[PDB]
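1. Please work out how this folds:
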Amino acid sequence: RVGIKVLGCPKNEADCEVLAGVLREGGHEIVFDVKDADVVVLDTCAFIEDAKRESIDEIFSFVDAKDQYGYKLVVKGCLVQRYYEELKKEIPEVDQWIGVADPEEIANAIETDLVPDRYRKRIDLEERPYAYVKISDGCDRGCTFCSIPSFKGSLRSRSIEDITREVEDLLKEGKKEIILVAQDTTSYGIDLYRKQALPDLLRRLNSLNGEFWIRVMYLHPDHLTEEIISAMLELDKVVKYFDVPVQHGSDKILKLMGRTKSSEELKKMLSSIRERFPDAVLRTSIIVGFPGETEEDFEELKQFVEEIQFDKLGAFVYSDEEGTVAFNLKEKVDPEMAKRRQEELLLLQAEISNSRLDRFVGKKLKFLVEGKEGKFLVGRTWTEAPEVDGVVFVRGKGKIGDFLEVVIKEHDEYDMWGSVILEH
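-> Residues are numbered from 1 along each chain as shown. Structure data below:
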């Protein structure tokens, strides 16, 4: 028997739902992670500057109380793939260590550490109406800060049918939200179909019967071909949610980060989606204090976000990890001066977010029920994303996994409140 503690990111929370399924043979049984397990599997995140901590404080949250339930503590995930030397040297009390691969825990997690460099079934370990689907791992994109280009392998994407089969069976077991995850959704197919087959995939999935949502994440702006945009906007089952991280907005800082498109072309592309659908939700990431970031560059960036108007925006302080090309970049910036900018940019976009959630007031937005707290209902609208954005409370009745048409009343704190129309 064994319980898994998912952590890190959708991709890591996917490789768990999949692994949990494989342990139906050599595992015989999966404990509901109710702490009464025989052995424990802790998934970890490595590069996110902070998640690395939530995963380190997590190991202790388990190690501290090992002699309380008696379980074979096993640290699995990214954090162990690039910190095997340091981790095992500090926390040897654990029993096993592992990072990548999948067909290993089947004939390995049954005893043996490892970190060198087909199809399967899965099972969700919780009561959520959504499910992440990894269509490809790795990434051959030029990102001076990212260290994945040689940490999680090269670009290896699954086949349309494969991803299709998975999505198919998920819907059948009762799933209303399909979220496509990866390092870079725009890179899918290049390795298999010698071309960007992302649209071909969407068109395919958008065919399956039954009402459901299809969300796409981790969209690299430089390779967001109009063919994809027109695709995510044409299909009537693809939530118009564009999660495209630009990392920054300075012609000088972008070329340095490795990006191709400039702040100009990036705008031309973004604003163009809003013209075709003014309610389009655009979420992006940012990295302040990047090596070479100057006064002007930040003021350029600030006005950049002030112009595009992002629904949801997140800023992160640069973290030159050894190996990267940015690590070898010249003249960094005091972490204290980057933190100063991350908080100033966070304060500015905070205002824009409100203004954007203000234009959703008094409008019918598809709603996905996720829980009932009395006469109140918890859940999200196609705009909000699973435990990353916000939530939506509505006065009504229904069950988890339903699709009601609620209408927002007011908001604030990045949360909307409304009620359902058309009832019985």
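
2. Roughly how far does residue 368 sit from residue 386?
-> 10 Å (C-beta to C-beta, to the nearest Å). Placement of C-beta: from N, CA and C, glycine included.

3. okay, those two: which has more neighbours?
-> Using other C-beta atoms under 10 Å as the criterion, residue 368 and residue 386 rank with residue 368 on top: 24 against 19.

4. so is the residue nearest to residue 367 when sequence neighbours are not counted in a helix, a strand, or just coil?
-> The shortest distance from residue 367 to any non-neighbouring residue, by C-beta to C-beta, 6 or more residues apart in numbering, is to residue 406 (4.2 Å). Using DSSP: H, G, I helix; E, B strand; the rest coil, the secondary structure recorded for residue 406 is strand.

5. Does anything pack onto the longest helix belonging to the chain? Which helices or strands?
-> As assigned by DSSP state H, the longest helix anywhere in the chain is helix 335-357. When contacts are defined as 3 or more C-beta pairs under 8 Å, 6 or more residues apart in numbering; DSSP states H and E, helix 335-357 sits against strand 281-288, helix 295-308, strand 312-317, strand 403-412.

6. deepest of these, which one?
-> strand 281-288 (a mean of 22; mean count of other C-beta atoms under 10 Å).

7. now the angle from that strand to helix 335-357?
-> Interaxial angle, strand 281-288 versus helix 335-357 (axes from the mean of the first three to the mean of the last three C-alpha atoms, to 10 degrees): 170 degrees.

8. Show me how far strand 281-288 is from its chain's centre.
-> 13 Å (C-alpha atoms, centre = their mean, to the nearest Å).

9. Pull that strand out as PDB, backbone CA atoms only.
-> Only the C-alpha atoms of strand 281-288 are listed here, as PDB (Å, rounded to 0.1, in the frame of the first residue of the first chain):
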ATOM      1  CA  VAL A 281      -8.500  35.900 -20.200                       C
ATOM      2  CA  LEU A 282      -4.800  36.500 -20.600                       C
ATOM      3  CA  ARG A 283      -2.500  35.200 -17.800                       C
ATOM      4  CA  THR A 284       1.300  35.700 -17.900                       C
ATOM      5  CA  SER A 285       4.400  35.500 -15.800                       C
ATOM      6  CA  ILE A 286       7.300  37.900 -15.200                       C
ATOM      7  CA  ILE A 287      10.800  37.800 -14.000                       C
ATOM      8  CA  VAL A 288      12.200  40.900 -12.300                       C
END
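
10. Show residues contacting it.
-> Residues from elsewhere that reach strand 281-288, judged by C-beta atoms under 8 Å, 6 or more residues apart in numbering: 145, 240-248, 257, 270, 273-274, 298, 301, 305, 308-318, 338, 341-342, 345, 382-383, 385, 389.

11. If any of the residues you listed are buried, put those into a PyMOL selection.
-> Typed into PyMOL, the next command selects the buried ones out of the contacts of strand 281-288 (criterion: 16 or more other C-beta atoms under 10 Å):
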select buried, resi 145+240+241+242+243+244+245+246+247+248+257+270+273+298+301+305+308+309+310+311+312+313+315+316+317+318+338+341+342+345+382+383+385+389
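
12. quick revisit: okay, and the common contacts of residue 368 and residue 386?
-> Contact with both residue 368 and residue 386 is made by residues 177, 380, according to C-beta under 8 Å, 6+ apart.

13. first to last residue in stretch 304-321, what's the distance?
-> The first residue of stretch 304-321 is 27 Å away from its last residue (C-alpha to C-alpha, to the nearest Å).

14. Tell me who's in contact with the residue nearest to the spatial centre of the chain.
-> By C-alpha atoms, centre = their mean, the mean C-alpha position of the chain lies nearest to residue 10, the distance being 4.7 Å. Listed by C-beta under 8 Å, 6+ apart, the contact partners of residue 10 are 132, 179, 181, 217, 386.
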